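Visitor: what would the 3D arrangement of this be:
(chains A, B, C, D, E, F and G)
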Amino acid sequence: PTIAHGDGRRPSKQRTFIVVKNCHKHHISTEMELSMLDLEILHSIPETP
Amino acid sequence: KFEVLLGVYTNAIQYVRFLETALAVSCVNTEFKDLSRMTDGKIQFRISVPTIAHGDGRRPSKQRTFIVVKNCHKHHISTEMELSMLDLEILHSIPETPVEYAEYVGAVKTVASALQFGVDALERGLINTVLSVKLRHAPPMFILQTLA
Amino acid sequence: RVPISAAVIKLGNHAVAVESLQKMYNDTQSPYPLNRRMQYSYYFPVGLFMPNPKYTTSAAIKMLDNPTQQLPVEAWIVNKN
Amino acid sequence: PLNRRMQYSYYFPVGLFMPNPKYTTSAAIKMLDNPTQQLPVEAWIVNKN
Amino acid sequence: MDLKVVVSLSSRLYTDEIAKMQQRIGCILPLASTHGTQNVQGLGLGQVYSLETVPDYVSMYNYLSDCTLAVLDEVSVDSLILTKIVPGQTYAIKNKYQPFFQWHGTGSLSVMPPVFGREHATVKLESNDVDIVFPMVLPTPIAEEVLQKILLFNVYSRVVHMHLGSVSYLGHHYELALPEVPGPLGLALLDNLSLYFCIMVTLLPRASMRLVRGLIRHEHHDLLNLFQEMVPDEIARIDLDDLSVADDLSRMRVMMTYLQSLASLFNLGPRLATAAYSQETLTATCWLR
Amino acid sequence: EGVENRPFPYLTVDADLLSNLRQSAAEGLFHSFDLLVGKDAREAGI
Amino acid sequence: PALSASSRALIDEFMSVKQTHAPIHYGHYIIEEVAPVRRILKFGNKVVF
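Guide: Numbers count the residues shown, from 1 in each chain, chains lettered A, B, ... in the order given. Sure, the structure comes next:
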């Protein structure tokens, strides 16, 4: 909005700001390890206590 | 792979009003509007202050009346609103298809956001000229700690 | 009638209101007419000569020159910083 | 991340020269030297300890 | 199209000031801004022409060239209303200026700094501390000789000067005030004229000297009366050359462009093209040229 | 400068996000913005 | 009056003792500034109000 002024000045008309905001992108990654001996037992079936 | 528009927003312009603010405590809004119609901007008051009836034979304590004239301040408050002509070309063109109905509703909303701009500009210009009147007839406190 | 948003303070017997139109002018990005300018004139001399019956009033300061003949030629003033 | 640090630059002059109309603004500092012919060779500063 | 400026006062205009402004209705006034509501402090020519400094008229000419022009139609309490001047509309301008130049020929008018004095068009406001000076409106045949008197007083300060100080008209002679120093921009215009002349003096022709020599020794026109029957020697030593047409034709083309540039330099201030002037009603229907 | 101006249906929030805006856009807090004064402040053509 | 002096020594003594400072020392003067605004001065750490 704008104030109407009585003193002679250069009057700003109906202004309108169009400001956009672009998103960010955060990509996080840790790195875990697993032994192959802990997978060759995971992908078998046991018949022993 | 797409490009998301995460929402779209505009601000609500708050409706200020001169009779809603407390600057109108110090102003009485007369419904007379004849001092705009009156040619001369003066009004003459026959005020009459009291007097202390003194008893010693110095001078007779004549009555006091003052014919004081208060000139009225007429201020002119003017804004402008540049409005596009191809908004008028849709304002007069009757719409039939729904796309030109949406474009005509947009043209009416652009027009109704300029008349509202004018009314919101003359309720801020009114407060501005009233506040500049109260700052023009405001002598400083370092004068009126003693002159008053 | 309607409630008017205006903080009312009591100064003796009058209950005046306190209203700020700063939000009204900050939505215009127009200056509020109560942030006024105040220009006072500051004057100071430079190069004066104190008359020949001379004196001090401080036993702390001890300059290393002749006290009878010494003239100010500059005036060290301070900034706003 | 809220245990951050600062980089303040500290500057100090070493061995300046006071101009010739020499003064002082204190009692109770009496040096056994010539006050007209005085020159700083050092600048005693203070550690964080 | 609303073309109407409401210049508003801060303080109350007294009755004698109302009479003095009602005496001046229809006169040209230059404005600061072109907008609908203005203030008095900035109306008129007083911001460039002040009492404290010297009257410099060349900056007033460029001020009248740059800023807009308005006529004064209505004056009342606390406010006086003006009408702007745009191209494409015909305006009524009355002759209310104190050195009276009669517009009998319906010639093109010209808007001038108040060279004839301030105090006759100074019209003073004791409401607010401002002085409204009205620019002089007058035909361009008077305007060229007033501008040449302004430009010639500064170069004839060194070396009869009452002829250059006053103006010439058909009916009367009026006194216009000259300063002892023109100012910075008047000295700039005199400097540009001096550089133009000191460059163009070598690009003068040679054939017309033979014309003026044979015409002085042969047949006196009414226009040949200035020489008092005498020729200098510079004419002779540039007439020790023979005449050709090619260098003179190139020199006359560059002389055409230089005389057009001098027409650009002398044409200062706004001009108004009058049509159907009424001498009995004393107003003139004019538009901006 | 990276901004489109289409006749979007703009949701009308009530935030006071006019405060220090014409000075903040001048210094460059916004990476990409369009100032539309006069006739450009319109819900544009579709 | 602004804060004027005639030497740096009267400036250095103005901050040391605000009450018992000498306005005149034999030929030099110091003019303590009065104003509608009580501007606060800092020379190192010696502040005057």
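Visitor: now do the contacts for residue C:60.
Guide: D:25-27, G:13, G:16-17 (CB atoms under 8 Å, 6 or more residues apart in numbering or on different chains). For the C-beta atoms, the positions are set from N, CA and C on the backbone; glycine is no exception.
Visitor: rerun that using 6 Å as the cut-off
Guide: residue D:27 (CB atoms under 6 Å, 6 or more residues apart in numbering or on different chains).
Visitor: same check, this time on residue G:43
Guide: residue G:15.
Visitor: so it bridges to which residues?
Guide: When assigned by DSSP bridges, residue G:43 has beta-bridge partners residue G:46.
Visitor: any chance you could map the strands in chain A?
Guide: Secondary structure of chain A (DSSP state E): strands at A:17-19.
Visitor: single out the residue in it that lies closest to chain B.
Guide: residue A:4 (3.0 Å; CB to the nearest CB).
Visitor: that residue against residue B:121, yeah?
Guide: Yes. If you go by CB atoms under 6 Å, residue A:4 and residue B:121 touch, sitting 4.6 Å apart.
Visitor: can you pull the residues that touch both of those two?
Guide: Joint contacts of residue A:4 and residue B:121 (CB under 6 Å, 6+ apart) are residue B:79.
Visitor: show me what from the stretch 1-150 of chain E comes close to chain A.
Guide: E:33, E:35, E:37-39 (CB under 6 Å from any CB of the partner chain).
Visitor: the residue lying closest to residue E:174 once chain neighbours are set aside in helix, strand or coil?
Guide: Leaving aside its sequence neighbours, residue E:174 sits nearest to residue E:99 (CB to CB, 6 or more residues apart in numbering or on different chains; 4.2 Å). What DSSP: H, G, I helix; E, B strand; the rest coil gives for residue E:99 is coil.
Visitor: quick one: name the residues of chain C near chain G.
Guide: So chain C meets chain G at C:42, C:44, C:50, C:54, C:56-58, C:61, C:67, C:70, C:72, C:75-78 (CB under 6 Å from any CB).
Visitor: which single one of those residues is nearest to residue E:170?
Guide: residue C:42 (61.3 Å; CB to CB).
Visitor: reduced to three states, what does that closest one come out as?
Guide: Residue C:42 ends up coil, using three-state DSSP.
Visitor: in chain G, what residue lies closest to chain F?
Guide: residue G:37 (26.4 Å).
Visitor: separation between that residue and residue B:78?
Guide: To residue B:78, residue G:37 is 38 Å away according to CB to CB, to the nearest Å.
Visitor: what do you get for residue E:178?
Guide: 42 Å.
Visitor: check contacts around the spatially most central residue of chain G.
Guide: Compute the mean C-alpha point of chain G, and by CA atoms, centre = their mean the closest residue is residue G:14, 3.8 Å away. Taking CB under 6 Å, 6+ apart, we find residue G:14 in contact with G:21, G:30.
Visitor: show me which residues of chain F sit near chain G.
Guide: Close to chain G, as judged by CB under 6 Å from any CB, chain F has no residues.
Visitor: sorry, back to before: so residue A:4 and residue B:121 - more neighbours on which side?
Guide: A count of neighbours by other CB atoms under 10 Å in any protein chain shown puts residue B:121 above the other of residue A:4 and residue B:121, at 24 against 21.
Visitor: skipping adjacent residues, who's closest to that one in space?
Guide: residue B:79 (4.2 Å).
Visitor: same deal with residue E:258?
Guide: residue E:200 (5.6 Å).
Visitor: and the one you found, how many neighbours?
Guide: 15.
Visitor: quick check on it: phi, psi?
Guide: Dihedral pair for residue E:200: phi -80, psi -10, per degrees, to the nearest 10.
Visitor: ok, now how distant is it from residue F:29?
Guide: Taken as CB to CB, the span from residue E:200 to residue F:29 is 57 Å.
Visitor: got it, and residue E:276?
Guide: 61 Å.
Visitor: more neighbours: these two, which one.
Guide: Under the criterion of other CB under 10 Å, the comparison of residue E:276 against residue F:29 puts residue F:29 first, with 12 against 9.
Visitor: before we move on, back to that, can you give me the neighbour number for the residue nearest to residue E:174?
Guide: Neighbour tally, residue E:99, other CB under 10 Å: 20.
Visitor: ditto for residue E:70
Guide: Residue E:70: 25 neighbours (other CB under 10 Å).
Visitor: could you do the one 10 residues further on as well?
Guide: Under the neighbour criterion other CB under 10 Å, residue E:80 is assigned a count of 24.
Visitor: next: residue E:36.
Guide: 18.
Visitor: quick check, the residue in chain G closest to chain D?
Guide: For chain G, CB to the nearest CB, closest residue to chain D: residue G:9, 4.1 Å.
Visitor: from residue B:13, how far off is that residue?
Guide: Counting by CB to CB - residue G:9 and residue B:13 are separated by 62 Å.
Visitor: residue C:62 now?
Guide: 70 Å.
Visitor: now do residue E:6
Guide: From residue E:6 to residue B:13 the distance is 28 Å (CB to CB).
Visitor: please apply the same query to residue E:125.
Guide: 40 Å.
Visitor: okay, now the nearest residue to residue E:241 once chain neighbours are set aside: neighbour count?
Guide: Among residues not flanking residue E:241 along the chain, residue E:206 sits closest, at 5.7 Å (CB to CB, 6+ apart). Per other CB under 10 Å, the neighbour tally for residue E:206 reads 17.
Visitor: go on, residue G:19?
Guide: Neighbour tally, residue G:19, other CB under 10 Å: 4.
Visitor: next one: the one 5 residues further on
Guide: The local packing of residue G:24 (other CB under 10 Å) involves 16 other residues.
Visitor: ok, now how distant is the closest residue to chain C within chain A from residue A:34?
Guide: Across chain A, the shortest distance to chain C (CB to the nearest CB) belongs to residue A:3, at 5.1 Å. Distance check for residue A:3 against residue A:34: by CB to CB, it reads 69 Å.
Visitor: what's the answer for residue E:282, then?
Guide: For residue E:282 relative to residue A:34 (CB to CB), the value is 108 Å.
Visitor: residue G:11 reaches residue G:5, doesn't it?
Guide: Yes. The pair residue G:11 and residue G:5 passes the contact test of CB under 6 Å, sitting 5.0 Å apart.
Visitor: which one's more surrounded, these two?
Guide: Neighbour totals were compared for residue G:11 and residue G:5, and residue G:5 leads with 24 against 20 (other CB under 10 Å).
Visitor: and the more buried one, what are its bridge partners?
Guide: residue G:30.
Visitor: CA atoms only: put the longest helix belonging to chain E into PDB for me.
Guide: Ordering each helix of chain E by length in residues (DSSP state H) puts helix E:246-266 first. This file holds the C-alpha atoms of helix E:246-266, laid out as PDB (Å, rounded to 0.1, in the frame of the first residue of the first chain):
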ATOM      1  CA  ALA E 246      34.600  23.300 -54.400                       C
ATOM      2  CA  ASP E 247      36.200  24.400 -51.100                       C
ATOM      3  CA  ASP E 248      33.600  27.100 -50.800                       C
ATOM      4  CA  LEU E 249      30.800  24.500 -51.300                       C
ATOM      5  CA  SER E 250      32.300  22.200 -48.600                       C
ATOM      6  CA  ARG E 251      32.800  25.300 -46.400                       C
ATOM      7  CA  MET E 252      29.100  26.400 -46.900                       C
ATOM      8  CA  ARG E 253      27.900  22.900 -46.000                       C
ATOM      9  CA  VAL E 254      29.900  23.000 -42.800                       C
ATOM     10  CA  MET E 255      28.600  26.600 -42.400                       C
ATOM     11  CA  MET E 256      25.000  25.300 -42.800                       C
ATOM     12  CA  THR E 257      25.600  22.800 -40.000                       C
ATOM     13  CA  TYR E 258      27.300  25.400 -37.800                       C
ATOM     14  CA  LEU E 259      24.500  27.900 -38.300                       C
ATOM     15  CA  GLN E 260      22.000  25.100 -37.400                       C
ATOM     16  CA  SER E 261      24.100  24.500 -34.300                       C
ATOM     17  CA  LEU E 262      24.000  28.200 -33.500                       C
ATOM     18  CA  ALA E 263      20.200  28.100 -34.000                       C
ATOM     19  CA  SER E 264      20.200  25.300 -31.400                       C
ATOM     20  CA  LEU E 265      22.400  27.400 -29.000                       C
ATOM     21  CA  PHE E 266      20.400  30.700 -29.300                       C
END
